[PDB]
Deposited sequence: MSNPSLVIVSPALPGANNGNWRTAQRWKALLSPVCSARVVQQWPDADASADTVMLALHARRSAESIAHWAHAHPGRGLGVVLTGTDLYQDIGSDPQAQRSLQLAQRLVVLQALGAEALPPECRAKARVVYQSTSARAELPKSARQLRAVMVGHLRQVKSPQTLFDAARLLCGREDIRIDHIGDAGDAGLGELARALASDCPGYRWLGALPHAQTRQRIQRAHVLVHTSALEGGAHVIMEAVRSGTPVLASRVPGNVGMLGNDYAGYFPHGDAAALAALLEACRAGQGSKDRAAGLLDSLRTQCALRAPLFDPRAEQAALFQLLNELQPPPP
């Protein structure tokens, strides 16, 4: 019969974040060829019928990955490198390192991912670009530039780069920055609140439901993403597949999503560089404007994030694991 797949996600069930989104999307995409379930840890009371595991995060799921590898030595294990593992933990973390060794297949979420893996792990590495539904590209007003950034506030999102750019632009009534995401890591929420009180063109909206967040991404002239690292960020896909161009920090996770030739990168942590891009976007608002050049480049990336493509890549992965 068809495989019994268990997806391990460290997200809380129903959480509005990437780790929950991937796991629930992979379950939907794989459902026509297998019996699929999502858990936070393995084993559980239903563990005896599972034949394949896809485990997100080499460190956060290392305990379930180890359980699987001990119960199924050399068979049925895929480890998904969701970001903070690939670009932080696998360097020094012995649990992350063991997960890498035990996996039958490693999944990276964009083309550059395997460059961060040990060379001995590259033969068993598999690229699975993520997917999102498209939204109609909307005509937008030339009267103002409205940027949006989306990420639950934590240090890896480097939200200070956005706060520092919003400060450089404090006086520009013709440039608006909306920031969507909960106040997680200590004091980042306080920084956003203080900035919003000083610089009215900057608004921190807190966490928003995914529906409303996709509507905000679709309506913004540009999405800004400042991260220190990303596995391959859902928010960048969401923008691209809405016809909303991106300004992103030049880090491998972002480069993997937007392309080596993309004209909308700033150096990581360079607030002045990001504020200069926002000024260019605004100056451009006929054709030849930076926003138009970036929408052209993003439109060439949009077919990467087709759910039919992700599904075909997952079908191949599952065939390799059973």
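Counting from 1 along the deposited sequence, which stretches lack C-alpha positions? Several stretches lack coordinates - namely 1, 287-290, 328-331, in sequence order.
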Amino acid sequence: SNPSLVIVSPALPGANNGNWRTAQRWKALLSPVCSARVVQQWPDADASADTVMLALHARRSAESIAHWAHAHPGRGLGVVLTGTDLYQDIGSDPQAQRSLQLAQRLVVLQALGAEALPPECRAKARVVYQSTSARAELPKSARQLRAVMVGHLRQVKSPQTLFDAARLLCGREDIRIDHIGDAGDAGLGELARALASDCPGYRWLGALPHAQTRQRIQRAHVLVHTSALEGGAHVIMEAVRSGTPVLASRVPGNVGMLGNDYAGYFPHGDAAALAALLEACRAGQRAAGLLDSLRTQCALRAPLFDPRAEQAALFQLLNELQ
From here on, numbers count along this sequence of modelled residues.
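84-92 versus 97-105: which one carries the higher mean Cα B factor per the record? It is 84-92 that shows the higher mean C-alpha B-factor.
According to the deposited model, is the average Cα temperature factor higher in 150-158 or in 185-193? According to the entry, 185-193 carries the higher average C-alpha B-factor.
Top residue by Cα temperature factor, when 232, 245, 200, 76 are compared in the entry: Most elevated C-alpha B-factor of the set, per the entry: 200.
Residue 250's Cα B-factor: lowest, middle or highest third of the chain? Within its chain, residue 250 is a middle-third residue by C-alpha B-factor, going by the deposited values.
Modelled-residue ranking by C-alpha temperature factor, third containing residue 289: Highest third.
Can you tell me which third, lowest, middle or highest, the CA B-factor of residue 42 falls into for its chain? Within its chain, residue 42 is a lowest-third residue by C-alpha B-factor, going by the deposited values.
Sorting by Cα B-factor within the chain, modelled residues only, which third would residue 21 end up in: lowest, middle or highest? Its C-alpha B-factor belongs to the lowest third of this chain's values.
Taking only the Cα B-factors deposited for this chain, tell me whether residue 314 sits in the lowest, middle or highest third. Tercile = lowest for this residue's CA B-factor.
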